[PDB]
């Protein structure tokens, strides 16, 4: 094992707490206390797993098996979000762990969390882990696509909490830059229409990424341009009007530039 002796013992002690059964018959005070103990073990493991050596030990001790298998579907929100966070921490920019986590069925569970969870903290941490597994990882992206993850990402962007809609839009934008092979499928899914609909909501920083994503989909891509030109969409007017609104807020220059590329590309 790669970690120092003290770190390994912390890790093993934490895994022991987390590996214990939920209190078989319990009252209120003992459930809460038990939950706190587990939340605390999850945080200590995350502190440790920021370091790549420790995260690899974590995997070797079957810690990912425990997190996917039990904690992503834990009854308590505080456990689910901390489990998703830990997944993301271990896997961020370590290809071998990403592949391990993907092989354990984490993407399906994580996408369910992002799409369905009552807790907003759970949704955001699930999106973080997903971004960690899917970006630099072609097999994870292929699985994400088959699990309908782009639709889950769109619903997150349609929803009302702005940290979450900004984070999802940023991830789509990133995926479109790094994975131009998928532009055809997303256009065929009606993504141009869905994204333009977002451009018509109340203006905010969110729109920059929405419009950046639209830019990718028309660049070197005739189907994307055709969808953009559809008369019922009303895109041209929406863009000309946006350009005029942003032309004097310099803090929106990036959004303005996406708007002007789209006009130039699609409307002469």
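Residue numbers count along the first chain shown, from 1.
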**Prompt:** Which has higher Cα B-factors on average according to the PDB entry: 114-122 or 79-87?
**Reply:** 114-122
**175-183 set against 190-198, stretch whose average Cα temperature factor tops the other in the entry** = 175-183
**Prompt:** Reading the B-factor column of the entry, which of 32, 41, 66, 210 has the highest value at its C-alpha atom?
**Reply:** 32
**Asked** What's the residue among 139, 72, 152, 101 with the greatest CA temperature factor in the PDB record?
**Response** 139
**Fill in**
Sorting the chain's modelled residues by C-alpha B-factor and splitting them into thirds places residue 242 in the middle
**Prompt:** What third of its chain, lowest, middle or highest, does the C-alpha temperature factor of residue 19 fall into?
**Reply:** middle
**Prompt:** Against its chain's modelled residues, does residue 108's Cα B factor rank lowest, middle or highest third?
**Reply:** lowest
**CA B-factor placement of residue 224, once the chain's modelled residues are sorted into thirds** = lowest
**Message:** By the recorded C-alpha temperature factor, relative to the other modelled residues in its chain, which third is residue 156 in?
**Reply:** middle
